[PDB]
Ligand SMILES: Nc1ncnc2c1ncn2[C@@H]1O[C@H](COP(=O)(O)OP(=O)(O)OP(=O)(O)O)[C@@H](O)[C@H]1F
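Just the one chain here, laid out as structure tokens, in the form deposited without this ligand.
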């Protein structure tokens, strides 16, 4: 359900199942931010700005949370 934007290709991208679960668990727990890793890369998702920050370079990639329709369609 979480996505990050890639400015090189101009497209939204999905996280791995593990990183998506780490982000979503912190989101549901009321945390304002969450740290996660992808190989040698280290990131912080800042929920107050909806931005992923690369801890090493400071590169910012916007993030989004997909929303399910309420009510659900038949």
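Numbering follows the first chain given and starts at 1. Think of the rigid core as the biggest set of C-alphas that the two forms share within 1.5 Å after superposition.
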Between 25-33 and 39-47, greater root mean square CA displacement in 5 other deposited structures of this protein relative to the shown form, after rigid core superposition, belongs to 39-47
Stretch with the greater mean C-alpha B-factor as recorded in the entry, comparing 53-61 against 7-15: 7-15
Higher-B stretch (mean Cα B-factor, as the entry records it), 29-37 or 42-50: 29-37
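There is also a form solved in complex with this ligand; it is not shown, and the following applies to it.
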If we define contact as a non-hydrogen atom of the residue within 4.5 angstroms of the partner, is residue 14 a contact of this ligand in the entry with it bound? yes
Decide whether residue 37 counts as a contact residue for this ligand in the entry with it bound under a heavy atom distance cut-off of 4.5 Å. yes
Can any non-hydrogen atom of residue 66 be found within 4.5 angstroms of this ligand in the entry with it bound? no
Proximity of residue 18 to this ligand in the entry with it bound, heavy atoms at 4.5 Å: yes
